[PDB]
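Working notes, beginning with the structure itself.
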Amino acid sequence: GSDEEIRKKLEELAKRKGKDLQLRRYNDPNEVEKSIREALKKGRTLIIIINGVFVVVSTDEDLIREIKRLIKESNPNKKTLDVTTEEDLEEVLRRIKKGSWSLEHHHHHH
């Protein structure tokens with residue numbers, strides 16, 4: 006679907022900045038967690054789709070914040086998440102259960 010239309014914006018950005026970006030889909034928090042440990046240990050960017058939520062993992066906040074924009078251009082109605090440590094993963098998954106999900110809106114971003 007629209008994940009294939011966003012993939013171009015991400016894989017072009019990998020050539021612009023010289024970092025490794027890759028896109029994958031998951032069904033459960035228990036399966037997805039295993040992918041975050043690899044990305045953070047290796048200093049790499051993963052863009053993950055789980056149950057309609059976009060979870061962005063990177064050791065570079067400037068890579069996440071540009072990916073979030075490129076995701077939200079193509080799906081302005083989709084919810085999003087960000088991770089830079091294995092502690093951030095638990096922080097955001099705890100917020101997912103509590104309803105404290107991301108508030109990325111262009112009138113709030115400025």
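Reminder that position 11 of the sequence shown reads as 16 in the numbering used here, one-by-one numbering, no gaps. Here a beta-carbon is modelled for each residue, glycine too, at the ideal position from N, C-alpha and C.
Check: Taking only three categories from DSSP, how would you classify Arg49?; Outcome: coil
Check: Would you check if the distance between the CB atom of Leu26 and the CB atom of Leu68 is smaller than 9 Å?; Outcome: yes
Check: Taking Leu98 as part of the alpha helix (DSSP H), name the residues at either end of that continuous run.; Outcome: 91-103
Check: Would you tell me roughly how many angstroms separate the C-alpha atoms of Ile55 and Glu17, rounded to the nearest one?; Outcome: 23 Å
Check: By Cβ distance, which residues of its chain are closer than 7 Å to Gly48, with the 5 residues on each side in sequence left out?; Outcome: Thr64
Check: Rounding to the nearest angstrom, what Cα-Cα distance links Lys39 and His113 in this structure?; Outcome: 33 Å
Check: Can you give me the Cβ contacts of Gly23 inside the same chain, cut-off strictly under 8 Å, excluding the 5 residues immediately before and after it?; Outcome: none
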